[PDB]
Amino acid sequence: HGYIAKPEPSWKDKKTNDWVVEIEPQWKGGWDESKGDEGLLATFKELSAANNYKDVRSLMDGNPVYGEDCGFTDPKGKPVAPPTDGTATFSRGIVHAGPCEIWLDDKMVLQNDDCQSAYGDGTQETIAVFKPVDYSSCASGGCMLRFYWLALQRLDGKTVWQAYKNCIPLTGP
C-alpha cells in the first residue's frame, strides 16, 4: 500500500493508498511454493524472462487486467513543482516485495527489481524515499511523472499481484 506523496498527486475522488487491482499472477508458475519474499522475487525473475518482460510500465500499459491508467490519481490535476533535492517521497514505508519504477514522460528515471529492499527498511513507519530522481528532463511547459509498482505477496498460501499506479503532473524545472 501507499502512493507517491512528494511530488503531490491530485485524486479523481479522494486520496487512497489502495492498489488499482489485485489479480492472480499473470504468468503460470510455482508462485504458491514460496514462504517469503526471496522466493517470490526469484520466481518473478525467472518467469519474467519467459514472458518477454521489459519493465513494469511495458507490462501494465495497454492491458486492462492491470486496471485503469493512473489508478486513483488525476493526470488532469493542476501541475506541481517537483522536489529540489533529487528525491521522491512515498506516503509510508514499502512493506511488499516487487519491482517499481518512476517515469518522466517517456524517460525511465528510477527502477528497481525490489523497491522494498532499496528504498525503505521494510517497515510501514519508516517513510520510503526514492533516490536518485533526476527531474532535469521535465519539458518546459511540464511533464507527467508516472509511478508503477507490482507488489508480490503470498496471502495465506495464495500468491497475488497488486498493481499500484500514480500519475503526477509536474511543472517544467
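Don't overthink the numbering: it's just position in the shown sequence, from 1.
Once the C-alpha B-factors are averaged per stretch, 45-53 and 138-146 rank with 138-146 first. Between the stretches 100-108 and 114-122, it is 114-122 that shows the larger average CA temperature factor. Among all modelled residues in its chain, residue 162 ranks in the lowest third by Cα B-factor. Placement of the Cα temperature factor of residue 81 within the chain: highest third of the modelled residues, per the deposited record. Per the PDB record, residue ranking by Cα B-factor puts residue 13 in the highest third of the chain. Among the modelled residues of its chain, residue 133 has a C-alpha B-factor that falls in the middle third, as given in the PDB entry. In this PDB entry, residue 36 carries a Cα temperature factor that places it within the highest third of its chain's modelled residues.
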